[PDB]
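This report refers to the structure that appears directly beneath it.
The analysis underlying the following values was restricted to heavy atoms, covering all of them including side chains, and did not include hydrogens, waters or symmetry mates. Remember, it's 1-based here, ligands and their atoms both numbered in the order they're listed. Letters A, B, ... are given to chains in the order of the sequence lines, protein chains preceding strands, and every chain is numbered from 1.
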Amino acid sequence: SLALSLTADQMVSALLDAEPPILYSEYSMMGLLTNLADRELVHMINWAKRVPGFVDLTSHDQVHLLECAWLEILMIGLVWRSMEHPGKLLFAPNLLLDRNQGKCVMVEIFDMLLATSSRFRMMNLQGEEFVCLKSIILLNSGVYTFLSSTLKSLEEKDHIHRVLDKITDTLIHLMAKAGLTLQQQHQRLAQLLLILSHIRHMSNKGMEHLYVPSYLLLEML
Amino acid sequence: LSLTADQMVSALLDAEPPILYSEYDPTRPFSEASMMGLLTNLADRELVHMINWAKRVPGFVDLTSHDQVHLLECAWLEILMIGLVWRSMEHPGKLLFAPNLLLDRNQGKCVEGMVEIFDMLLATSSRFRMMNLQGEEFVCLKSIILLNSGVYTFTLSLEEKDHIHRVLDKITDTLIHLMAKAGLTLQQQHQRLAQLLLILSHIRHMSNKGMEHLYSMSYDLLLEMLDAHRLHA
Ligand SMILES: O=S(=O)([C@@H]1C[C@@H]2O[C@H]1C(c1ccc(O)cc1)=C2c1ccc(O)cc1)N(CC(F)(F)F)c1ccc(OCCCN2CCCCC2)cc1
Ligand SMILES: [Cl-]
């Protein structure tokens, strides 16, 4: 696989190059957010195909990872955009919401997204770290619920775990490079991966409130 | 907070709760109601021991009573589930709820929506077996779930969060120490730390799905039990 041969610096360059653009909301809250999310999803599919290791998977496994990860990926993008806007969520440059506007439908999810944004600000999360985390969410979120037990599904799981190890090495490289001690490198890697557990929780609560792209995702692939 | 990695391991190993038995001789085969009854009874007894264990996790009693209950409210089902997965590791294809309650996949079907959670728990047990998860690593992970699960959903609140993040950094140092001691290279140490923490995201998912399936078919209880824990001889 090409992925497993990349250095830390090449993995970061590939992921930075694959970054989708920040979209605007069209010139009702759910309507505006659905329209924005629908446009972001088309870019997310094309971004996913550029994450090293992702296109080495079967179509079926690519769709499963996207089905499991799509809301977590929208949410980490939102939190990243909102970082320099304490108390607000920057859905788009023309759709900056504060807590009060959560009340429209959602306030609980808003509060959890605001807390994540604060955590990233407090940690001084870097763009190189952000693109690594977003790639981890894509590969990790669905890896434990692959249904099959064929030789091919075992090889797919193994491949995903190897790419996840490459992204871990990349995060450690970025931290070493910034001059963190070995202890600081391991502590910061832990703090970043522990935030992924909160993003999973926010995604699940989001869906609970709602009750979505179907296994739609295949055609789009 | 001033402890060594070696002392952190000793404290966590020493604080481990006991393994409980299921209610003896229930009517077998099970119905939906009688399985849910057995599991509710076991979980209710395990909760008393979880509170006692939580009070011995370094840093936990430094929090306010309100913040202790908030962490337990957020973490209790994840903690029951990682204990189940740990007990089940030496029983491929089965979940060891108790030494006298070993279930295979098919029994999950008795309760609607439970077979999906069973399958996810069996996959986690396989992942731990494949990684050769060690007891000293398991007690570290269980402590991380307690301190991490509720920390982001708690005001000069800021001091409590800072304290929890420092204790979490101490448990990370402890995990790395255990891996170093075992003879893993620096690369292997960081990869294994990442693989263990990435499984916590799947345990969170299983916990959320568990609750969703329940409501398809708490703070106050935990506060009384925590309050009452101060009155225990
Ligand atoms: O997620 S489960 O599969 C869940 C996993 C496994 O099996 C179920 C079960 C369990 C746990 C607790 C029980 O009371 C009964 C059963 C397990 C277990 C038991 C002992 C273990 O050592 C390890 C695991 N599940 C059912 C579904 F899948 F069918 F939907 C489910 C059931 C009940 C739930 O909460 C009940 C509210 C109780 N509160 C009330 C407020 C105060 C705090 C307590 C949440 C989810
Ligand atoms: Cl657009």
Subject >> B:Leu221, portion touching ligand 1 at heavy-atom distance under 4.0 Å >> reply: side chain
Subject >> B:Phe97 and ligand 1 - part of the residue with a heavy-atom distance under 4.0 Å >> reply: side chain
Original post:
Between B:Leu222 and B:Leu47, is any pair of side-chain heavy atoms under 4.5 Å apart?
Top reply: yes
State the atoms of ligand 1, each with its element, that fall below the 4.0 Å cut-off from a heavy-atom position in [X].
| X | result |
| --- | --- |
| B:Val111 | 29 (F) |
| B:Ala43 | 11 (C), 12 (C), 13 (C) |
| B:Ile117 | 3 (O), 28 (F) |

Subject >> Spacing of A:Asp98 atom CG and A:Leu89 atom CG [to the nearest 0.5 Å] >> reply: 9.0 Å
Taking atom types as modelled, is there a side-chain donor on [X] or [Y] under 3.5 Å from an acceptor on the other?
| X | Y | answer |
| --- | --- | --- |
| B:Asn52 | B:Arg56 | no |
| B:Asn100 | B:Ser22 | no |
| A:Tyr215 | A:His60 | yes |

Subject >> Among B:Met114, B:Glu73, B:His213, closest by any non-hydrogen atom to atom 26 (C) of ligand 1 >> reply: B:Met114
Original post:
What do the steps show when you test B:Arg87 against B:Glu46 for salt bridge (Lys or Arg N to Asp or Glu O under 4.0 Å), and what is the final call?
Top reply: CA-CA 14 Å; B:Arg87 297 192 293 275; B:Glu46 289 181 279; 3.7 Å; yes
Original post:
For B:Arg87, is the nearest heavy atom under 4.0 Å from an atom of ligand 1?
Top reply: yes
Original post:
Judging by distance only, is a nitrogen or oxygen of B:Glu46 under 3.5 angstrom from one on ligand 1?
Top reply: yes
